[PDB]
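All remarks here apply to the structure that follows.
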Amino acid sequence: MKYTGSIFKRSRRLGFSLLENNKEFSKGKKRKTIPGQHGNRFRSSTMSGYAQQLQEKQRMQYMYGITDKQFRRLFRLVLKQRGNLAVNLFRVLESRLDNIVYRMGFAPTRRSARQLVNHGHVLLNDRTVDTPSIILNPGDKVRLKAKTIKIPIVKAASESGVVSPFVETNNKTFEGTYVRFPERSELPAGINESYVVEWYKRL
Amino acid sequence: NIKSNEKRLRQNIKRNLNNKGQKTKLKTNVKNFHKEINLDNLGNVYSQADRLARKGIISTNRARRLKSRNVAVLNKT
Amino acid sequence: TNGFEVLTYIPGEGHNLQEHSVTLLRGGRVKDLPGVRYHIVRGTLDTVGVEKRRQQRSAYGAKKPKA
Amino acid sequence: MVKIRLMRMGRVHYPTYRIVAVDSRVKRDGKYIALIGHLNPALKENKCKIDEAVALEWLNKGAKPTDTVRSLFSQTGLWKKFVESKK
RNA sequence: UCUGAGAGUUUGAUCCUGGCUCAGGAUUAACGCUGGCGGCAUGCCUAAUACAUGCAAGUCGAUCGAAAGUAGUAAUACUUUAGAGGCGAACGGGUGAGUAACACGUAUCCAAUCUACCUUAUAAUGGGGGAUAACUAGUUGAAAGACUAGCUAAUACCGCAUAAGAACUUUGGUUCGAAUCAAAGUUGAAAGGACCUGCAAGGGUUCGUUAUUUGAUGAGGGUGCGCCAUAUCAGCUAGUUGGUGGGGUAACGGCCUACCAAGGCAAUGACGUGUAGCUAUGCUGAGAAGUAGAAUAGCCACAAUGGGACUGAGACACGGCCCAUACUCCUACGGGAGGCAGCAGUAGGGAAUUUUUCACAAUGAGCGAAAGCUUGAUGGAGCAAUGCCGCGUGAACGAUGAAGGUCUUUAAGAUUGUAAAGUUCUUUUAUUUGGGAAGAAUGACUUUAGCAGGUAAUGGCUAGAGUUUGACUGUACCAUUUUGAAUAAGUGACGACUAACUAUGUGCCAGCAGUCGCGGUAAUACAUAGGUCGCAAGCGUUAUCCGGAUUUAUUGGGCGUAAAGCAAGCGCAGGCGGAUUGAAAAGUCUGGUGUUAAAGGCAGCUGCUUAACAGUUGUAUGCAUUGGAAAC
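Protein chains in written order, with the deposited numbering: chain C, 1 to 203; chain S, 3 to 79; chain K, 71 to 137; chain O, 1 to 87.
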């Protein structure tokens, strides 16, 4: 399946906010213990390299909404080119169309943004899209199709949106652009991408 | 069986008979040249070979080889 | 299906061996039984899978129970 | 007779022909002697570039074009550089 | 400039030797469970087992006569060819039984070859003869037919005339057996159809014929090197070895033949055994390379089995012929017919591998001047989760936290859990409407307009014009098109290796297990429940290949006590071997040339909404030959 059941449990065990900072921000007296009946005390007793490496892997791919095989394909494709490993891999993961829609701030959550992308609400470079795995390059222009703006969920995000310097947008015209590659310190750093990148000896 | 094979079965038989008739007269002329040797007989042999050399009954290289081996025995003198 | 004769261990809770019942075979070693080196695919032509099976439901040939 | 024919090298629904200098007694998409450009008869507007180097040699030492090859030999001007150099 | 991960397991405990197993990928996979869509690829590996059934290469009247039919009073004109004749049938499809060898890869020479349609260019396309299909009549059988006698025309056959040059020999001289010249002798060549013109005479155009001169092309022959195991295979071979004369063959040749001699191959593995289509490549590996020869492509072999040969230029012919063998089928007992390893399909086997599906729309092939015809090649559609990739099963808000479940042990609470209930939003897909491609910016077709070889005209070339040609297919796709969260999740594990833990039951019993090992009344290993995590339209198990495995150690292992130095000696062959000087130069090194098919691999790029995928360009490697060098 490409969709997950519960999202706060993921942040519970992974210990990483799937949201910006509100994943465990005392929502209904939010907690940080591991889920299930056995959250009492499993603090750190079998912390192995393999365990924590799986931890960073799931952290890396849960906040992106990906699954295993396509992530493996992404890793292979980014390994095909020349450069540094982790930062190029993160660039490819930030070249996802739905992730760029989220960074546009046009939708409150990546799930809503992904549904809007799939349902044809998103038009890219004067071309409609239906594949959330398109690879965006620097200097690529985006719009909101100039259609289906009459959505209560898209508005309050559209006016209230964090314009990161690596992608610029125009609120009223609903136009965006992928100008420069996001930097390591620009995005959340609760993910140690190194343990992920050398967790793959697959090739 | 397909129609366009037994038609060829008819055509081949008559030319088979004709070519056999030509081959045997080539052969008897060649025997005539062995039993007696002269320019006239072997000239008939050359002409008779060239008759088939026009067509594909005898291979042309066979015709030239045989007439060469006949001029070879002409060269006894 | 050829001329070979082999010992074979049954899986699961109970079985349906019927003394000249046509079966189907499966590899796999068993440490407890020397000589025996095979298992029956349970859920096959004749040997009916063990009922009242709900954990992993693939071995012992049990279909998905009605919810 | 060595014939200049078409070779459907491509996925389903997308023919993409490399023009081929192949003998008559050879099946489709088989081995050949020399290569003659290629073709994508779905993209229009001069998506049909040809080498023009060894094709004229083939025509000058025996070659037989086909109707779809007649088309390509027409626009590029092979005829006006072939039938006059023939004389 | 490329790149090298480990771990568990013998012990009371340790180090080492050492074997097993796991952590990674891959499949022509299958089985259990579950299963929504899209795109791409692939789909008997067992029985080269036997097949019900339907279709798979035919074409041509501008070749012939004649037949049938239509308009016509007739003359005549038109449509089809049963047959004769031209080409095609030898390509294209399928399979890998056989074959361990010039079969294949690869480099070569054929002073040893040939090659129709295709290509440069030349001479002529004259005149006769004799025949036969069909038809008729008869015999004869239900028919298949067969046979008997007459009739015909041709681009069917056969003589005759002259051969530009050929073909072969005769003679003379040329060059480093080849090739060319000169003269002589012998010898062989057609076919005409359609059309224009021409009162005619005759001239010409298109299609056709033979002989010629280059080629392209294809096939064949030979050699180098490489291309399995086996000595629990020591001799093998008598056309075998070599020569002579002849024949034969596209050509060389014991290939055969008449004569002579006994030779030849063999430890560097002959002969034999079993195995197997070879190669590119796929999977793995960093690599040396291990491994299967999937789809596909080059080469090879085969067509129920075994032989033979015609014809054809090309077959010893997959749906040609004869014969024999075995099997089957039909019948009017008189006789016949067949060879699904072509596309579908059936039977059997197997665990297992699909529609008795459409169209020449495109490529193509074949014929036909041309219309056009055939194509189960091909292009398409159906099926299959078999594999790779993409998309869905919603989304935002929503709590001291609904209910139930489990635990806590109950009367606190926690898990489930923003998960839910609920309020709102959208519709790829679900389901309507309308529009609706590209593929067919091709081509044939002939009027036009011109050019150009040659004329009186005719025909090609170049540009346009048009009607034109879609199974795919109202197809994908597009269009604020209708409605609607509605139309979509399972799967394996939870003791460690290796992320994931509690309760109930069972109590050496049922059972689990890749390894260690779990349970004889508190089991985190058995069965279930709850919960958790690993993948997910696939997940697991089994089977096979490589890796880890340096566990065959060339790179890259050891032989005292762990497996391993023969009991010792004499020693042929072989392997290795002091110093110095010269030469040659096999190895060795480097320079040039040729060659090493495409696809695939690598990299870039292009185009698919993007990967899956399709395409472009570049990219190695080895060998032969040639110029050098001269340490070893």
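The beta-carbon is built from N, C-alpha and C at its ideal position, and this holds for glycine as well.
Can you list, in chain order, the residues of its chain with a C-beta nearer than 6 Å to that of residue i? Leave out the 5 residues immediately preceding and following it.
i, result
"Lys-3(O)", "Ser-24, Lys-64"
"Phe-16(C)", "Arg-59, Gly-190"
"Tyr-130(K)", "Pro-81, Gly-82, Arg-112, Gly-119, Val-120, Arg-123"
"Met-9(O)", "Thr-16, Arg-18"
Locate the beta strand (DSSP E) running through residue i, then write down its first and last residues.
i, result
"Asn-170(C)", "167-170"
"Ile-66(C)", "Taken as a continuous stretch (DSSP letters only), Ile-66(C) belongs to no beta strand (DSSP E), as it is neither H nor E."
"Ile-36(O)", "34-36"
"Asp-140(C)", "140-143"
"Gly-176(C)", "175-178"
"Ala-21(O)", "19-22"
With distances taken Cα to Cα, identify the nearest neighbour of residue i among the options.
i, options, result
"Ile-66(C)", "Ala-107(C), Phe-166(C), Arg-96(C)", "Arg-96(C)"
"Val-118(K)", "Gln-88(K), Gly-97(K), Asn-72(K)", "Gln-88(K)"
"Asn-84(C)", "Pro-188(C), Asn-40(C), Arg-184(C)", "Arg-184(C)"
"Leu-43(O)", "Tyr-17(O), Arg-28(O), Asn-60(O), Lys-81(O)", "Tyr-17(O)"
"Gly-36(C)", "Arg-10(C), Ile-191(C), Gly-190(C)", "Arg-10(C)"
"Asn-99(C)", "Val-142(C), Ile-151(C), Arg-43(C)", "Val-142(C)"
"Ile-134(C)", "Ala-156(C), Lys-150(C), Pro-152(C), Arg-91(C)", "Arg-91(C)"
"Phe-181(C)", "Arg-202(C), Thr-169(C), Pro-138(C), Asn-171(C)", "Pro-138(C)"
"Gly-120(C)", "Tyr-102(C), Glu-186(C), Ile-34(C), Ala-146(C)", "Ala-146(C)"
"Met-104(C)", "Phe-25(C), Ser-158(C), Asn-40(C), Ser-45(C)", "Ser-158(C)"
"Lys-57(S)", "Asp-42(S), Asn-21(S), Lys-69(S), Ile-4(S)", "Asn-21(S)"
"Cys-48(O)", "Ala-34(O), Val-69(O), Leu-56(O)", "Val-69(O)"
"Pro-41(O)", "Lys-80(O), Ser-71(O), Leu-78(O)", "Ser-71(O)"
"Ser-194(C)", "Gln-70(C), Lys-30(C), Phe-75(C), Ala-113(C)", "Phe-75(C)"
"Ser-112(C)", "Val-129(C), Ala-51(C), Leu-124(C), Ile-151(C)", "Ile-151(C)"
Less than 8 Å between C-beta atoms, sequence neighbours within five positions excluded: which residues of the same chain meet that for residue i?
i, result
"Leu-115(K)", "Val-92, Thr-93, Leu-94"
"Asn-88(C)", "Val-78, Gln-81"
"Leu-187(C)", "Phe-90, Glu-94"
Mark residue i as exposed unless 16 or more other C-beta atoms lie within 10 angstroms of its C-beta, in which case mark it buried.
i, result
"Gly-113(K)", "buried"
"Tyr-14(O)", "exposed"
"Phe-174(C)", "buried"
"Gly-176(C)", "buried"
"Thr-169(C)", "buried"
"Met-63(C)", "buried"
"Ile-110(K)", "buried"
"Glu-94(C)", "buried"
"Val-22(O)", "buried"
Looking at residue j and residue i, is the spacing between their C-beta atoms short of 8 Å?
i, j, result
"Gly-161(C)", "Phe-106(C)", "yes"
"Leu-14(C)", "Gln-55(C)", "yes"
"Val-117(C)", "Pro-132(C)", "yes"
"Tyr-178(C)", "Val-167(C)", "yes"
"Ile-36(O)", "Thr-76(O)", "no"
"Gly-98(K)", "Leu-77(K)", "no"
"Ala-74(S)", "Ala-65(S)", "no"
"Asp-29(O)", "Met-1(O)", "no"
"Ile-59(S)", "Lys-16(S)", "no"
"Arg-72(C)", "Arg-202(C)", "yes"
Just reading off the alpha helix (DSSP H) that residue i is part of, what are its end residues?
i, result
"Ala-113(C)", "110-118"
"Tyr-48(S)", "41-55"
"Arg-10(S)", "5-37"
"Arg-5(O)", "Here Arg-5(O) belongs to no alpha helix (DSSP H); instead the beta strand (DSSP E) covers 3-5."
"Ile-153(C)", "152-159"
"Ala-65(S)", "62-76"
Starting from the C-beta of residue i, find all residues in its chain whose C-beta is less than 7 Å away, skip the five residues before and the five after it, and write them out in chain order.
i, result
"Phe-8(C)", "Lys-23"
"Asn-31(S)", "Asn-46, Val-47, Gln-50"
"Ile-34(C)", "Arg-12, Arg-13, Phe-42"
"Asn-34(S)", "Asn-43"
"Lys-2(C)", "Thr-67"
"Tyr-32(O)", "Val-20, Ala-21, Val-22"
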